[PDB]
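First comes the structure, then the notes that go with it.
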There are 2 protein chains.
Amino acid sequence: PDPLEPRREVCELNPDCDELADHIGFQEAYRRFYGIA
Amino acid sequence: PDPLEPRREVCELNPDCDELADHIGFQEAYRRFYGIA
Ligand SMILES: [Ca+2]
Ligand SMILES: [Ca+2]
Ligand SMILES: [Ca+2]
Ligand SMILES: [Ca+2]
Ligand SMILES: [Ca+2]
């Protein structure tokens, strides 16, 4: 199982993160909207 | 963007495919419930 699925679902839920994910990826997009720095 | 996202969503929707996906993967699980052979 993929440990990142929970975060991937969170991002999909956020249109802005979802859309962005298609360009720079999910892990980098998640960080952009939720990471600190 | 990942071209497989549509199929991944289909599988997640199917509990049986979802569960199975965690063990042998999504592409092999999808094939198991929807592929022909
Ligand atoms: Ca999921
Ligand atoms: Ca999903
Ligand atoms: Ca998406
Ligand atoms: Ca999706
Ligand atoms: Ca899943």
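Every read-out reported here was derived from the displayed coordinates using simple, explicitly stated rules and does not represent laboratory data. Cβ coordinates were reconstructed from backbone atoms using ideal geometry, including for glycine residues, and neighbour counts include every protein chain displayed.
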I'm trying to understand the selection: among the residues of the range A:1-13, which are more than 8 Å from the chain's Cα centre (by Cα) and surrounded by 11 or more Cβ atoms within 10 Å (Cβ to Cβ)? A:2, A:4, A:5
Could you list all residues from the range B:14-26 that are surrounded by 14 or more Cβ atoms within 10 Å (Cβ to Cβ) and away from chain A (no Cβ under 13 Å)? B:14, B:17
